[PDB]
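Have a look at this one before I ask anything.
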Amino acid sequence: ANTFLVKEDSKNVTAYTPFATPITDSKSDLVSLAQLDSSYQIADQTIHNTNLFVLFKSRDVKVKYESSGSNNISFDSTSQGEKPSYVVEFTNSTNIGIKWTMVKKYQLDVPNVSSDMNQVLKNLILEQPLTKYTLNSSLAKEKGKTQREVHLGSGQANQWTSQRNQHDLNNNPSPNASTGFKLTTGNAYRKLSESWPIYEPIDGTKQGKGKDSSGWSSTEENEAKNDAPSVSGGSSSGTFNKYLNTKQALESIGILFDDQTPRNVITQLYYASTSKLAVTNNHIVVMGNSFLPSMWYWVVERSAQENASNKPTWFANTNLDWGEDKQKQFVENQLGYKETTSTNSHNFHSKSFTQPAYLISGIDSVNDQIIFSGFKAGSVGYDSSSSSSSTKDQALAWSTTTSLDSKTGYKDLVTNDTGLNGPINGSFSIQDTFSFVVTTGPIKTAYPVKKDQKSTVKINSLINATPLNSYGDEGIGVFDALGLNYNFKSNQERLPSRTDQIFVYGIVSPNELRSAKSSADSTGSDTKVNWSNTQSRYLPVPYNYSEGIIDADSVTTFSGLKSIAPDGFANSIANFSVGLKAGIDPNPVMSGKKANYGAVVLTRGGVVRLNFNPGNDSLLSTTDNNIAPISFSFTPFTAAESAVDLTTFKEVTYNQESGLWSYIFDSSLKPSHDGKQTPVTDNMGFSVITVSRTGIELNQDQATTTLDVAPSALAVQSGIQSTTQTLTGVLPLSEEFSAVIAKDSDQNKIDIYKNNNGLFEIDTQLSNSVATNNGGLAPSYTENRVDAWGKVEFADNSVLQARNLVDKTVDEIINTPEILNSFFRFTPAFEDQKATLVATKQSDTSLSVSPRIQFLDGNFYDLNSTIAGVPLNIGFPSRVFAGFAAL
Ligand SMILES: [K+]
């Protein structure tokens, strides 16, 4: 379509011409039209073929989780509350104008819960969501028991040197390795039926109740509410020495409320989960947002009969290729304890599920394939014992960061056994670092349950709110989180985690989508789905988003780590991803081969490129296992891109003519108030980041049918921005020009930005030109002005006699472009704007001509031009020339 769709608010979409004007009566309440009540809002939209697919979700939605029986997750059907999220297909039904009409409507039902699954769900606990205002110190949690305390007890590390071997701990040098972190202080953990609080502790090493939910409601919630009360008033607001109050930051990331109380976790998880949409020839796929963990995603068969309910597939049911199989195992071993003969000791690992949650970046389609990316949300076992048990109320988690004397090559670094089955890092003193070595047997690791616990014990599953597994407030955590563990000897090289800060991506075939649908619909037991064209990557937050890290040496940890993060987040430890988008490269490839395609996604401090081999629709690889997998490239932001508030992402578009992605950030999406309940004042304006491909791409000639270097991208805060206007929309008309529609009060105003060697700058004279449209749909045309149509001066009629063209015929002149171009002189308003003349015979002696002129979008327009079938009626002139012969 020749037009741009703009979400004007939560319900309405309006169609815009390339002249930044609305098509008259295009404005449409998609919610009303989808026959959904006014609690519903548009979450996401996409065009596929010609139709508009819209994902809708409800403010009134209520979900409950009941551990007994077995249809355990369901909607709360008393009051208003049976309000599932829908996807809708609309088609334009006029040839003139835009008249959307509904075609199909698909309901997104709650997930089936298998018996096995319900035994994990029973005791599943979830961290409160990370928020703009969450602090490094808010995240910090107190260190759990050491390796020897769990295994031996009261009985120091002199017993260690010889009792190692009888707990399967042979040659392990780290009796002082953390086994995880206390769940009795810190960010709240809650089960599916409880509700998270509006308060976050400032120092979670001291100030919150963690999972101690009873604790919270009879002591500590009272200290919070008194320290950090909501804005109502007459004003009131107190002191915030202990807790932030983030209710409004919670409202703004999609947490739902009954008055001042968040709804239950499972409800929050369902609302979040229905956030992004992608479409292929057979499927609709819906996945969650990048603010909360999603535990499931929907595959909807477009063939689905009207009033079906469509079912989500659990990710715990979705095995991915993590790159090597050992990468999968790191993750699964740390999910929870095994053998677990025990009694009620059910967690994700103990029941043979895989990683259960992701922080999804987003979701797209290229050619019947689906692309996703995301962060592994942290998940680990915790001891829920209730009697001693040394680990009681502790989470079980440890660094899995590669040892120093590992062979240096992606595969070697990745498969190295360090931390595979249990703890091993912490501090080590011979030129101090956090990582070591790896006589009569190899070094060994094992899970922090002691063998006399074996079957007394109760290890249940939790999920974090970020990509960290391990919150323990020791120094290894900071270096894990910030990509600071480095080796020696070679040209250095950096040591990966396999559990913290793991990015995941892939491309999913339609047969893959088909097993997932089948997994979701499975009778009785859990059936499973393998997605084989995926990878994983250790992707830490840049360390330059902190200050004052002590190395060469009392060590810096999460509770002392100082954030200078500029990207809108208080914290400098947790990664975040947004706005995954694919596109087809316009730059053609050798004629044997199929069109290249990529995706990009934003993370903290850089853009990630995803590279594909088309024509077999796989991740890109090279053969040498040593070089890192070539389907991922990371290019760090400069200062100006890092300055953008990532929490303000509004949308991302791709343009095929230009080969460029445009990320739109709208500051109006900032919460109303701070975590100190102060009003937020920099909520005005917007920012655009433009991402392009870099590098040598696949298949340009015989040299590049294979590659040992991954293609990359580059993001550039492009010069299009504002701290003053309220954005309606950005129309990327061409590489050389973008149009911005904004208000300074109640206006809509059009501004044109022009690209000057890679930097966009506003052009005031073009803006005034484009914006003077006199209420029509396009810029006016004035004879004496170099306006948006340039300027056209016609030759006088006496040119015919001078040039001896009177001897020619009308039809002869009319069939000679070259001659017609000599009847006018054009002056362009921008550098390569083109114009020609269209002729029309008027009589035997005479013709008329009328210019056809190129606009900022690169298209030609003339008298007969339409958009969405509606004539523009731009007033191009026409001029008669006469005195031609009839030979
Ligand atoms: K003009």
Side-chain angles (χ1 to χ4, degrees), residues 2-4 16-24 657 731-741 748-756 760-800 803 813-814 816-842 846-868 870-882:
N2 33 43
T3 81
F4 297 79
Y16 276 79
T17 71
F19 319 105
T21 59
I23 283 131
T24 303
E657 187 176 358
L731 311 199
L733 305 186
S734 76
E735 195 147 9
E736 196 196 359
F737 293 108
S738 275
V740 173
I741 307 159
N748 288 350
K749 201 211 172 283
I750 297 161
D751 282 335
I752 299 300
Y753 293 77
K754 165 179 226 177
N755 188 327
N756 178 2
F760 283 94
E761 308 166 335
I762 187 143
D763 182 326
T764 61
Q765 293 191 293
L766 264 191
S767 298
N768 179 61
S769 275
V770 176
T772 108
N773 57 33
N774 312 310
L777 288 177
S780 73
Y781 186 97
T782 314
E783 199 175 0
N784 78 79
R785 307 204 290 81
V786 170
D787 54 16
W789 303 113
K791 173 184 194 195
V792 161
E793 302 162 288
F794 297 115
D796 179 54
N797 208 62
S798 67
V799 81
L800 308 183
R803 297 176 36 77
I813 296 298
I814 272 168
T816 320
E818 220 88 303
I819 296 268
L820 300 169
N821 276 220
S822 84
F823 289 171
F824 80 125
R825 150 201 259 278
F826 192 53
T827 301
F830 64 84
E831 226 209 308
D832 294 303
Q833 183 183 31
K834 336 247 72 237
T836 58
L837 295 186
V838 172
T840 302
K841 178 168 194 159
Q842 294 295 324
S846 73
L847 60 92
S848 58
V849 290
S850 190
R852 190 172 147 271
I853 296 162
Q854 178 177 71
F855 183 62
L856 312 178
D857 55 357
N859 301 331
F860 286 87
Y861 300 82
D862 62 41
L863 289 168
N864 292 102
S865 279
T866 61
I867 297 288
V870 191
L872 296 173
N873 288 305
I874 297 158
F876 302 112
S878 71
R879 185 83 175 198
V880 169
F881 289 82

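Residues take their numbers from the sequence shown, with the count starting at 1. Quick note: numbers below take in every heavy atom, side chains included, and nothing from hydrogens, waters or symmetry partners. When a ligand or atom number is given, it counts from 1 through the structure's own listing order.
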- ang(O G790, the K ion (ligand 1), OD2 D787) rounded to 10° is 110°
- Reference residue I867; test side chain to side chain contact (heavy atoms under 4.5 Å, CB included); the match among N859, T17, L777: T17
- Query: Under the criterion side chain to side chain contact (heavy atoms under 4.5 Å, CB included), which of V740, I741, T3 is the partner of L731?
  - Reply: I741
- Mind checking whether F19 and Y861 have ring centres under 6.0 Å apart?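 Centroid distance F19-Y861: below 6.0 Å, so yes.
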- Task: Kindly determine whether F737 and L766 satisfy side chain to side chain contact (heavy atoms under 4.5 Å, CB included), including the steps that lead there.
- Result: CA-CA 10 Å; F737 293 108; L766 264 191; 3.6 Å; yes
- Task: Taking the K ion (ligand 1) as the vertex, measure the angle between atom O in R785 and atom O in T782; round to 10°.
- Result: 80°
- Could you confirm whether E783 has any N/O/S atom lying under 3.4 Å from the K ion (ligand 1)?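 Given the 3.4 Å cut-off, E783 does not count as a ligand of the K ion (ligand 1).
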